[PDB]
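Engineer: If you scroll down you'll find the structure; I have some questions about it.
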Amino acid sequence: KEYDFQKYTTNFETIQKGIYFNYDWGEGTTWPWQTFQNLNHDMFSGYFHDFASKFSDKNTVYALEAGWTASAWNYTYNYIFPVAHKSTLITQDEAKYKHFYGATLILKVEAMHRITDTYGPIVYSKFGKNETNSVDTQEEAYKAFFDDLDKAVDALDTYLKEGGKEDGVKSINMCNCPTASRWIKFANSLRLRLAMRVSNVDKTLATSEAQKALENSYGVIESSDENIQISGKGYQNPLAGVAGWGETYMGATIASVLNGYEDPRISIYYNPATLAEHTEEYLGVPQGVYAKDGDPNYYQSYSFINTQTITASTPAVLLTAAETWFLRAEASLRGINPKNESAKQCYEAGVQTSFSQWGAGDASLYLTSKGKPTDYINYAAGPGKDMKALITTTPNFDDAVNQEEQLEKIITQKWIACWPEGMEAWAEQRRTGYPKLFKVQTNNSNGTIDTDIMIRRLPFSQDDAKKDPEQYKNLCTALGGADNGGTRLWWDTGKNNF
Ligand code: NA
């Protein structure tokens, strides 16, 4: 039992700690995650912003910092993916570990879809195969993800049909999947996410994968008690770590939305500003206000994250029941939900589910409301400007003038519900155009990123390019455009196609 424990279980610990990355390879925690995600996706999503003016001449104004943007790639390929691959190799042919094989595959897709959604082309289907060209196009990576999820759900279903105990996954549960069936439900929900991601570029694939996701007999996540979220084995939530450094402020777009909707999640997510004369208001930091080291930290008294809500021991949310309902709402809106359920029913279930996750009460009154997001007013000192609210849609689903506005409601509410996880939020914003994030006030991208289109991706890792110039060339070829922040990823068509 102990030889097998060291053989299999430790790999699962590294992988699960390495998704919302806070894996300690020997040099500490928190600080890697800060560049992995917090100074990229979490800001670009509109959720969060730092206060330090020393950073305000970098990512916030689209002058992308090479060391920061490479981090998701570097940390994942250095420490996490090779372990997921090893775990695949040692379980795929093991008669008694079909469940661990299934779980490995699901975690591998969970980790790596976040990387392709950041950069585009990645190394995935050809990893460890020593082929001439190691690179998957994003389309090829997505197809490999769907294939891996098929293999996973097959393996776990076989494990159960052969008489494997539901709780045989107990020793590897750091993601709130205590049974084999719950891993399959995780896979089904993740497949639905990926299906909606590809719905604008490849409706045929989206349709077939959504059908598989929503007809699989093990179900999808419907209750917040089953949310996929990381905890255990000494894992600490790195968002709480960065909050402890004083660096996680509310973003202007989420302040606009939550204030205008009079959203009861507002005080759960954030605290009121400490700025004099504004101490009962929620104030969000506008992205792209230029400043540099030596300047005052103009936004230091804006609203901060709620550190009773987000603590070191708080599980790190990855995939929620609420999100799953909003995915079903979109599938219904697109006519590709095999279940007999409407977009409205799913939308309202998503909002109610999100309220319940956070303890915000019942959503019935909110779902009838006519609140509109509020304008951004620059109360801070410095060169910031006021901005008129770009989002005009209400929480009431019936107040849509067309189905594009219905999709906007679904995605905007999904964005509230995915908080604080900036990667899913940012990916969906790029994919759908929603929510309508405030644009950067200053764009120092040297023409590589368009203010109105907004940032589309992160550039490839130059640390990897220096190790492997041929691979960098291959990644660039697979991207089909310039390696900068303005090139659309494969799933980003620039419009919603029904
Ligand atoms: Na334009």
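Residue numbering restarts at 1 in every chain; chains get A, B, ... in the order shown in the structure tokens, and ligands count up from 1 in that same order.
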Neighbouring residues of ligand 1 are defined here as those with any atom at most 9 Å from a ligand atom, counting only C-alpha atoms and all ligand atoms; list them as a list in words.
Structural biologist: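 Sorted by chain and then by number, the residues are residues 450, 451, 452 and 453 of chain A.
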Engineer: Quick check for you: according to DSSP on this backbone, which residues of segment 150-385 of chain A are classed as helix (DSSP H, G or I)? Reply as a count of residues only.
Structural biologist: 105
Engineer: Of the residues A:256, A:10, A:301, A:223, which is the one nearest to residue 276 of chain A, using only C-alpha atoms?
Structural biologist: A:301
Engineer: In terms of the shortest atom-to-atom distance over only C-alpha atoms, which of A:229, A:78, A:471, A:267 is closest to residue 360 of chain A?
Structural biologist: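 Using only C-alpha atoms, the shortest distance to residue 360 of chain A belongs to A:267.
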Engineer: I'd like the contact shell of segment 6-9 of chain A - 9 Å cut-off, only C-alpha atoms, skipping same-chain residues fewer than 5 positions apart - returned as number ranges by chain.
Structural biologist: A: 1, 87, 90-91, 100, 171-172
